[PDB]
Structure formats: structure tokens, C-alpha cells
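Quick notes on the structure that follows.
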Ligand code: HEM
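Numbering (the UniProt record's numbering), first residue to last: 2 to 105.
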């Protein structure tokens, strides 16, 4: 994974609805700090759909790779309205960036 490439992908496709830094604001979507190793739908203070709260998996590289390829397929009923990122390489780079930005 290439975090530098990932950072650019984040700005292009995710930043309009998400922040990732510690203490960052919730916007259309939840601030994502602390995401890795945590069960779905647990960002503090964000109002999730029951679907996002109930998916039940632990976010990590593997689960984010599947989710980001097609969000509504992975979480039917989600209010995250976004097509997904088809390219495996792009998802890997994006996730690399997310791991770095949301864990420090
Ligand atoms: C960009 C490609 C992108 C990423 C990365 C991303 C991630 C993401 C995660 C990991 C969650 C779940 C967090 C958790 O379970 O705690 C999540 C949730 C929502 N998102 Fe998102 N998201 C990306 C892009 C976008 C875009 C462009 C929007 C807005 C149009 C958006 C919105 C949302 C919303 C809303 C949620 C909450 C969904 C719910 O059902 O509660 N995301 N995202």
C-alpha cells in the first residue's frame, strides 16, 4: 500500500463527507479517527443507520477492502451514498493512508 497515493484518493473521493484526524468534525459522514480494529458504527457522537451499527464486523484492511469496493452491497441500508472504488490498488493505497491518518 502507498499512503501518499492514498492521501490524494481520500481528498478526491472521501473528504467531502469525512475528516480523519483526531478530534476532527463529523460532516455528512463520521469523523473516522480510531476506525481500525473497531467494530462498525462506533465513532463517538455520530448518528448511524441501524445497518451501519449492526453490520458487526471489525474494521481492518480486509473488511475495508470489501466495503469500499461497493458500500451498499456490504452494508445494505447504509446512508453512505457512494459507489465505491473498483480498483484493488486504489483501495489498498487509500486504506494505507486511512490507517496512518486515523491512528495518529
Ligand atoms: C471514500 C472513498 C470514503 C471512505 C474511505 C469512507 C469510509 C467510511 C467508513 C469506514 C464508514 C463507516 C465508519 C464506521 O462504521 O464507524 C463510513 C460511513 C459513512 N460514510 Fe463514508 N467513506 C467514503 C466516502 C463517503 C462519501 C463521499 C460520503 C458522502 C456522500 C460518505 C458518507 C458516509 C455516511 C453518511 C456514513 C454513515 C453511514 C451510515 O449508514 O450510518 N462517505 N464511510
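Cβ coordinates follow ideal geometry from the N, Cα and C atoms, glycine included.
Across the structure, residue 82 and residue 57 are spaced so that their CA atoms are roughly 20 Å apart. The Cβ neighbour count for residue 93, taken over all protein chains shown within 10 Å, is at least 16; the residue is labelled buried.
The residues 4, in chain order, have a CB closer than 6 Å to that of residue 101 in the same chain once the five nearest residues on each side in sequence are set aside. One alpha carbon belongs to residue 52, the other to residue 12, and they sit about 26 Å apart. In this structure, residue 70 sits near residue 85, with a CB-CB distance shorter than 7 Å.
Looking at 25, 60, 49, the one whose alpha-carbon comes closest to that of residue 38 is 60. Exposed is the label assigned to residue 55, since fewer than 16 other Cβ atoms lie within 10 Å of its Cβ.
With a cut-off of 6 Å, the C-beta of residue 84 is classified as distant from the ligand HEM, since no heavy atom of the ligand falls inside that distance. Boundaries of the alpha helix (DSSP H) harbouring residue 51: 51 to 55, taken from the DSSP string. Checking the 6 Å criterion, the Cβ of residue 64 is out of range of every heavy atom belonging to the ligand HEM. Per DSSP, reduced to three states, the secondary structure at residue 40 is strand.
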